[PDB]
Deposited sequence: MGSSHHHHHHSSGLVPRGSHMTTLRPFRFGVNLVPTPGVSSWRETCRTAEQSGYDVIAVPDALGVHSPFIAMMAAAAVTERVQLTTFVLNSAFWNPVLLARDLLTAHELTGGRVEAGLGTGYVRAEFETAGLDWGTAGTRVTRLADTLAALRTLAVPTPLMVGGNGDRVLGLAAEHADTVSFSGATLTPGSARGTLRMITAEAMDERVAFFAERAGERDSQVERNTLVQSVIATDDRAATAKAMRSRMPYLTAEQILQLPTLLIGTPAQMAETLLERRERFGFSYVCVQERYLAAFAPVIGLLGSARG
């Protein structure tokens, strides 16, 4: 599947640079602007509308909605609106939330991991029943969550962390688990991952060795294979993404805002 590149931008209250940042993302060659769903961050669909007003090509996605925050019928109303009023430029990533304090602040029941995943399941079923027109992305690494992606999603997003970084070998197993659950639908589901750090260096080996300090549970060789890290020159990173599309099927690759400019050269090469 052809590469699609995203940058995960944080629209921040009290900061006046949102539209400028979105323009920079598009001008730097990104295909997608992703926004989070968190307290103390701008509201996602409203921020996506502001981004759509100053960009022409990028898709806009949530990455990812906290399912505890949304009534499925009212979310379907939001998604239909966002789709129609942007000319079909909005995608909706959904998942579970991991910050209990946000549940507490909003007056929502934290419950159990089981009830949080059931809420995601119930929302996805309702959105599909209501035939929402936005493409749906499901993110996580849990067995039930990947099963829900396999059943419902247009795009599955594999987390490269639990932050504890997951090895390439663990990622092999998660992608295979998803693929088995997806069955005949596997080929219709785009695969995404988020790269946490884009580390430009002329000495990847020396860089990985020093990084064992921050990831003592890994060898340097494992660090150089972690799907959540890109290390080296732009040419080396481009080659690494080609290899990881072959290995994992990852064609939709996102990076964090801090690395927007660091990663842009890789887009130029790919």
Fill in: Deposited residues absent from the coordinates (by C-alpha)
1-24, 187-195, 304-308
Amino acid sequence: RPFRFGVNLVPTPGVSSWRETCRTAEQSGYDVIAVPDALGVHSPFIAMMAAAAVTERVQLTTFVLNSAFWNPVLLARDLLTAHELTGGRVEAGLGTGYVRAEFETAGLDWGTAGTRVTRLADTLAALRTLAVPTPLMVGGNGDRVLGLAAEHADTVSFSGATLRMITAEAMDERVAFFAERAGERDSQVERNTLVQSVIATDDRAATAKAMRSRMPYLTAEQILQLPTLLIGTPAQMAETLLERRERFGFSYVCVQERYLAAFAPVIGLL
From here on, numbers count along this sequence of modelled residues.
Discussion item. I need to verify one thing: averaged over C-alpha atoms only, is the B-factor higher for 97-105 or for 177-185?
Written reply: 97-105
Worksheet item: When the C-alpha temperature factors are averaged for each of 106-114 and 129-137, which stretch ends up with the higher value in the entry?
Response: 106-114
Worksheet item: Highest Cα B-factor in the PDB entry belongs to which of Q59, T62, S43, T219?
Response: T219
Worksheet entry | CA B-factor placement of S213, once the chain's modelled residues are sorted into thirds | highest
Worksheet item: If you rank every modelled residue in this chain by C-alpha B factor, which third holds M237: lowest, middle or highest?
Response: lowest
Fill in: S197, C-alpha B-factor rank within chain (lowest, middle or highest third)
lowest
Practice prompt. Would you mind ranking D203 by its C-alpha B-factor against the rest of the chain and naming the third, lowest, middle or highest?
Written response: highest
Discussion item. How does the C-alpha B factor of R258 compare with the rest of the chain: lowest, middle or highest third?
Written reply: highest
